[PDB]
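A single chain comes next, written as structure tokens; it is the form deposited without the named molecule.
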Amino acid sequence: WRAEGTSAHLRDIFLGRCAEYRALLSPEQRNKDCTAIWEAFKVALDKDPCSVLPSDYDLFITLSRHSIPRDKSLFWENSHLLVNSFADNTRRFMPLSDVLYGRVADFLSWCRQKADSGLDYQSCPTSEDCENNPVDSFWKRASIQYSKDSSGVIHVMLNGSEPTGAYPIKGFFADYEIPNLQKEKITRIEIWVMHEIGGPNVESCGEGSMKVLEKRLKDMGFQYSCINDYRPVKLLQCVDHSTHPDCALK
């Protein structure tokens, strides 16, 4: 297999993350059974590493699903760390990584051995090794739920320094989230196209792939807007380049 082996101590981490997240939930929905949640997730670890479908995680979702505050959803592509850092544990925004069912698996890997019953810590199938592996099918199901339950102002953070452009036509955002947005409960979609400090400006609002994304969103009838290097996030990026002309203060 051509992808990371399952994460060491998967269960403790999962349960730990789940416990800490409960505290964030409001009491009226704080009653989440982390053990039951782990057992529903655990199902994919009993199947063939190439025979897991997004629907296998349905129970998991039912047991961990909770509401996402209006105008608090934050989608993204090629900016994982900047998103978690900026969102700051649900304080600023609530991206998938900061929603119960996403928090428990963020950055982790998992899959069962090809022929044995135990977990494969050596490697796990990549989308290329086979389409229906545990990790991809997981995110597809989680990405779908996240989009469906998002409302208000939809924020999206894309990478303008990414060599393949800011919008991957075949990413999770394009194939599993955009098609699941409830236009009925979405006011407008705002995009933040970020560039590395000094780093390359491969694409800015309205250029290359950004035209394709913008066109799709507008055809689907969404109110659309795009901002290059949205200030708050730029300031966070700047923390690591305090002495760079782009980061100098008045």
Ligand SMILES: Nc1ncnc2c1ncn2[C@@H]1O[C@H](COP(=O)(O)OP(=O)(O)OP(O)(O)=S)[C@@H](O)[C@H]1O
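Heads up: residue numbers just count along the shown sequence, starting at 1.
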item	value
Residue stretch of maximal mean CA temperature factor, 167-175 vs 78-86	167-175
Mean C-alpha temperature factor, higher of 181-189 and 52-60	181-189
Top residue by Cα temperature factor, when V212, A44, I37, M194 are compared in the entry	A44
C-alpha B-factor winner, where the candidates are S117, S151, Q145, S97	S117
Relative C-alpha B-factor of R17, binned into the chain's lowest, middle or highest third	lowest
Third of the chain's Cα B-factor distribution that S161 belongs to, per the entry	lowest
Third of the chain's Cα B-factor distribution that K234 belongs to, per the entry	lowest
Chain-wide C-alpha B factor ranking for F93, given as lowest, middle or highest third	lowest
Ranked C-alpha temperature factor of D106 among modelled chain residues, by third	lowest
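As for the form solved in complex with the named molecule, it is not shown, yet the points below apply to it.
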item: The single option of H80, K114, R92, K148 touching the named molecule in the deposited bound form, heavy atom within 4.5 Å; value: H80
item: In the deposited bound form, the one of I154, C124, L96, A166 near the named molecule [non-hydrogen atom within 4.5 angstroms]; value: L96
item: Close approach of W139 to the named molecule in the deposited bound form, 4.5 Å, heavy atom; value: yes
item: Exercise: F172 in contact with the named molecule in the deposited bound form, heavy atom 4.5 Å; value: yes
item: The named molecule contact in the deposited bound form: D129, any heavy atom under 4.5 Å; value: no
item: Exercise: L119 in contact with the named molecule in the deposited bound form, heavy atom 4.5 Å; value: no
item: Within 211-250, the residues that have a heavy atom no more than 4.5 Å from the named molecule in the deposited bound form; value: none
